[PDB]
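K.L.:
task: produce atomic coordinates for the following.
(2 chains, ligands or ions: 19)
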2 protein chains.
Amino acid sequence: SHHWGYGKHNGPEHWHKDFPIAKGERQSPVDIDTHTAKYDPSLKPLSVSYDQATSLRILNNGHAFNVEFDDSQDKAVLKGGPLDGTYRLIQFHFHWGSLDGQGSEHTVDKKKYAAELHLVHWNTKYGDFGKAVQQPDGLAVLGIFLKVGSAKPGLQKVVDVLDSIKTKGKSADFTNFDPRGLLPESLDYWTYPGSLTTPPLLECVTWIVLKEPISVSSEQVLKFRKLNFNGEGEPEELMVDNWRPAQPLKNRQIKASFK
Amino acid sequence: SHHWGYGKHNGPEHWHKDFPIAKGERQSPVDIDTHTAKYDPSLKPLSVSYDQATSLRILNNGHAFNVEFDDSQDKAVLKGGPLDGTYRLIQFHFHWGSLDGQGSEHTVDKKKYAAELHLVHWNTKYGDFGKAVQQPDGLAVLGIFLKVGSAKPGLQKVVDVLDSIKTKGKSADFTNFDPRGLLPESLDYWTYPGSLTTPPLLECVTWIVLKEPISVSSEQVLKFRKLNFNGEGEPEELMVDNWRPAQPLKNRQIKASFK
Ligand SMILES: [Zn+2]
Ligand SMILES: [Zn+2]
Ligand SMILES: [Zn+2]
Ligand SMILES: [Zn+2]
Ligand SMILES: [Zn+2]
Ligand SMILES: [Zn+2]
Ligand SMILES: [Zn+2]
Ligand SMILES: [Zn+2]
Ligand SMILES: [Zn+2]
Ligand SMILES: [Zn+2]
Ligand SMILES: [Zn+2]
Ligand SMILES: [Zn+2]
Ligand SMILES: [Zn+2]
Ligand SMILES: [Zn+2]
Ligand SMILES: [Zn+2]
Ligand SMILES: [Zn+2]
Ligand SMILES: [Zn+2]
Ligand SMILES: [Zn+2]
Ligand SMILES: [Zn+2]
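P.N.:
Numbers count the residues shown, from 1 in each chain, chains lettered A, B, ... in the order given. Ligands and ions are numbered 1, 2, ... in the order given. For reference, the structure is listed below:
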């Protein structure tokens, strides 16, 4: 009851109590039905420029873990696609499950994936992250599905450091990470106007969800599930099933960048 | 810069940036000038009923440390004085300095004390703490000055447990504490309508500041100054000088319960 989370008492089901936007017109995530999400030839190609991405630190905030980036220049930026502007990378994080058969927030024809990677960018138009989240086109989030298969070499440096931030509030220096190690072979995508998938659930996100999932080993996802929602000294609550289920699409169109 | 505190960058001096109420009509603390704070015979005597006070836990929130109480019944209550209602004890905490010559928030004829004890109560009229802080008579805070002299036996159990919550976010079970061990010989007091002395600086507090200070040993206050503002693993910032200086009294009267 204390403040929001993913348990029986404080979960997605109950977020409408302190956040009436939870039942709003533009909520995320959604289910991407491939028969309705039609192709849009007006969509320009997406330009992911991460070659100068400068990571700083990894931390556990009690809700997931974030790798944070220097956002002071156009070092890691997101351009074109459905975006009018330059969007700087500020952090990324994951949502995952207690079983391989669940963990993703978005779904494709009702299929759930073992996890989902969210790379979070803010529109430089507004000046900083804080001002951007108060505008409907302030954020662009790039969402990537994880399936249990073979190991992702780009993910291993993250996994190695997870013991050092087991409990809420812990953090660590995490430099020279290259977020390109987490991208799939193709950048074909769906896009729709949405929201943050956690409180305050603000409807300020242009979603870009990649068609092609990345593969991670079962050994690597097991490492995610040893994390803790709780602080050190408090009772153990395993950080698992930290995902919001799909929401009503309502009067929105999911445009597709592909065939 | 990150979020508020007591350093050069984030201190009381700069709180007006995110909190315009900091320059409001009813801000606390104030200096109690004894020549103007006249006696009011209409003030009923103060009734401090702490015999059934049930403490639960002690924690470091990064700004000070709080001992928290069961507020579910009328076990520890504050009545009469300038209060119209029953006020339940929810927590207490301290503000102290880096030197014995400072640490208090309130002052008496410009004199500063080594520390100050704040016992925090909410009006049962409103139902819970959260609803109370949004009303001008929602909170009653009982403020007590500490001077460096001989040891306070009632304070020693708090001091013993301080090693176990050195850094921000740590907490511990803290049961069978009796807050009566921190009261002075006399309950003669000054009262005025004010605010929280930390953000969000809400103007919802009826202040009751006791005339008579309590004595604590230098050994006991040294133990306060080993605490840390920071979390575990972060760079060391000693939790000292965590006090707001005196504010303009403006169109307010400080009533005195005594001679
Ligand atoms: Zn339920
Ligand atoms: Zn409901
Ligand atoms: Zn379909
Ligand atoms: Zn590149
Ligand atoms: Zn939280
Ligand atoms: Zn996310
Ligand atoms: Zn470092
Ligand atoms: Zn290939
Ligand atoms: Zn393609
Ligand atoms: Zn530790
Ligand atoms: Zn200054
Ligand atoms: Zn200023
Ligand atoms: Zn005077
Ligand atoms: Zn009593
Ligand atoms: Zn804080
Ligand atoms: Zn205080
Ligand atoms: Zn316990
Ligand atoms: Zn005596
Ligand atoms: Zn008296």
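
K.L.:
for residue A:194, give the beta-bridge partners.
P.N.:
On the basis of DSSP bridges, residue A:194 is bridged to residue A:205.

K.L.:
burial count for it?
P.N.:
By the measure other CB atoms under 10 Å in any protein chain shown, the count of residues near residue A:194 is 25. C-betas here are computed from N, CA, C, even on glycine.

K.L.:
what distance do you get for it to ligand 9?
P.N.:
Taking CB to the ion, to the nearest Å as the measure, residue A:194 falls 23 Å from ligand 9.

K.L.:
for ligand 13, what is the nearest residue in the stretch 151-259 of chain A?
P.N.:
Using CB to the ion, the single residue of the stretch 151-259 of chain A nearest to ligand 13 is residue A:169, 47.0 Å away.

K.L.:
tell me who's in contact with residue A:230.
P.N.:
Residue A:230 makes contacts with A:62, A:167, A:168, A:236, A:237, as judged by CB atoms under 8 Å, 6 or more residues apart in numbering or on different chains.

K.L.:
switch the cut-off to 6 Å
P.N.:
Going by CB atoms under 6 Å, 6 or more residues apart in numbering or on different chains, residue A:230 touches A:168, A:237.

K.L.:
so it lies in a strand, does it not?
P.N.:
No. Under DSSP: H, G, I helix; E, B strand; the rest coil, residue A:230 falls outside any strand and is assigned coil.

K.L.:
up against ligand 9, what does the stretch 51-200 of chain A have?
P.N.:
By the rule CB under 5 Å from the ion, the part of the stretch 51-200 of chain A lying against ligand 9 is residue A:188.

K.L.:
for ligand 9, what's its nearest residue on the stretch 51-200 of chain A.
P.N.:
Counting by CB to the ion, the stretch 51-200 of chain A gets nearest ligand 9 through residue A:188, at 3.9 Å.

K.L.:
wait, that residue sits on residue A:211?
P.N.:
Yes. Counting by CB atoms under 6 Å, residue A:188 touches residue A:211, with 4.4 Å between them.

K.L.:
now the helices for the stretch 151-259 of chain A?
P.N.:
Using DSSP state H, counting those that start in this stretch, the helices of the stretch 151-259 of chain A run over A:156-161, A:218-224.

K.L.:
quick one, what contacts residue A:59?
P.N.:
A:66, A:171.

K.L.:
just to be sure, it is in a strand?
P.N.:
Yes. Secondary structure of residue A:59 (three-state DSSP): part of a strand.

K.L.:
for it, list each beta-bridge partner.
P.N.:
Assigned bridge partners for residue A:59, using DSSP bridges, are residue A:66, residue A:171.

K.L.:
returning to that earlier point: higher neighbour count, residue A:188 and residue A:211?
P.N.:
residue A:211 (18 against 15).

K.L.:
wait, does stretch A:18-36 contact chain B?
P.N.:
No. Applying CB under 6 Å from any CB of the partner chain, one finds stretch A:18-36 separated from chain B by no less than 10.6 Å.

K.L.:
ok, and what's touching that stretch?
P.N.:
A:15-16, A:105-109, A:190, A:193-195, A:197, A:199, A:201, A:203, A:246-247, A:249-250, A:254.

K.L.:
do stretch A:98-106 as well
P.N.:
Under CB under 6 Å, 6+ apart, the answer for stretch A:98-106 is A:29, A:95-97, A:112-116, A:143, A:145, A:148, A:197, A:209, A:240-241, A:243-244.

K.L.:
which of those residues are buried?
P.N.:
A:29, A:95-97, A:112-116, A:143, A:145, A:148, A:197, A:209, A:240-241, A:243-244 (16 or more other CB atoms under 10 Å in any protein chain shown).

K.L.:
right, and the residue of the stretch 151-259 of chain A closest to ligand 13 touches residue B:171 too?
P.N.:
No. With contact defined as CB under 6 Å, residue A:169 does not reach residue B:171; the gap is 11.8 Å.

K.L.:
what's residue A:132 sitting at in phi/psi?
P.N.:
Residue A:132 adopts backbone torsions of phi -60, psi -50, taken as degrees, to the nearest 10.

K.L.:
among the contacts of stretch A:18-36, which lie within strands?
P.N.:
If you go by DSSP state E, these have A:107, A:108, A:190, A:193, A:194 in strands.

K.L.:
which of the residues you listed ranks first by neighbour count?
P.N.:
residue A:194 (25 neighbours).

K.L.:
measure that residue to ligand 3 for me?
P.N.:
Separation of residue A:194 from ligand 3 (CB to the ion) stands at 20 Å.

K.L.:
residue A:199 now?
P.N.:
Taking CB to the ion, one finds residue A:199 at 31 Å from ligand 3.

K.L.:
which single residue in the stretch 1-150 of chain A comes nearest to ligand 9?
P.N.:
residue A:45 (9.3 Å).

K.L.:
the residue in the stretch 1-150 of chain A that ligand 19 sits nearest to: which element?
P.N.:
Of the stretch 1-150 of chain A, the residue with the smallest distance to ligand 19, taken as CB to the ion, is residue A:2 at 42.1 Å. For residue A:2, there is no helix or strand it lies in under DSSP states H and E.

K.L.:
got the contact list for the residue of the stretch 151-259 of chain A closest to ligand 13?
P.N.:
Residue A:169 neighbours (CB under 6 Å, 6+ apart): A:231, B:169, B:231.

K.L.:
wait, what's in contact with the closest residue to ligand 3 within the stretch 51-200 of chain A?
P.N.:
Relative to ligand 3, the nearest point of the stretch 51-200 of chain A is residue A:109 (6.1 Å; CB to the ion). Residue A:109 makes contacts with residue A:34, as judged by CB under 6 Å, 6+ apart.

K.L.:
if I look at it, how far off is residue A:33?
P.N.:
Applying CB to CB, to the nearest Å, the value for residue A:109 to residue A:33 is 6 Å.

K.L.:
what does residue A:4 give?
P.N.:
From residue A:4 to residue A:33 the distance is 29 Å (CB to CB).

K.L.:
between these two, tell me which one has more neighbours.
P.N.:
residue A:4 (19 against 13).

K.L.:
am I right that the more buried one sits in a helix?
P.N.:
No. Residue A:4 is assigned coil when assessed by three-state DSSP, not a helix.

K.L.:
just the closest residue of the stretch 51-200 of chain A to ligand 19, please.
P.N.:
residue A:169 (46.6 Å).

K.L.:
now that residue: closest residue in space, sequence neighbours ignored.
P.N.:
Nearest non-adjacent residue to residue A:169, counting by CB to CB, 6 or more residues apart in numbering or on different chains: residue B:169, 4.9 Å away.

K.L.:
if I look at the one you found, how far off is residue B:225?
P.N.:
The gap separating residue B:169 from residue B:225 is 19 Å, by CB to CB.

K.L.:
for stretch A:151-163, how far is the first residue from the last?
P.N.:
With CA to CA, to the nearest Å applied, stretch A:151-163 spans 19 Å between its terminal residues.

K.L.:
that stretch: which residues count as buried?
P.N.:
Under the neighbour-count criterion of 16+ other CB under 10 Å, stretch A:151-163 has A:152, A:154, A:155, A:156, A:157, A:158, A:159, A:161, A:162 buried.

K.L.:
return the member of the residues you listed nearest to residue A:122.
P.N.:
residue A:158 (21.9 Å; CB to CB).

K.L.:
the residue of the stretch 1-150 of chain A found nearest ligand 13: what secondary structure?
P.N.:
Relative to ligand 13, the nearest point of the stretch 1-150 of chain A is residue A:130 (44.9 Å; CB to the ion). Three-state call for residue A:130 (three-state DSSP): helix.

K.L.:
follow-up on the earlier one: next one: phi and psi at the residue of the stretch 1-150 of chain A closest to ligand 19?
P.N.:
Backbone dihedrals for residue A:2, given as degrees, to the nearest 10, come out at phi -30, psi -50.
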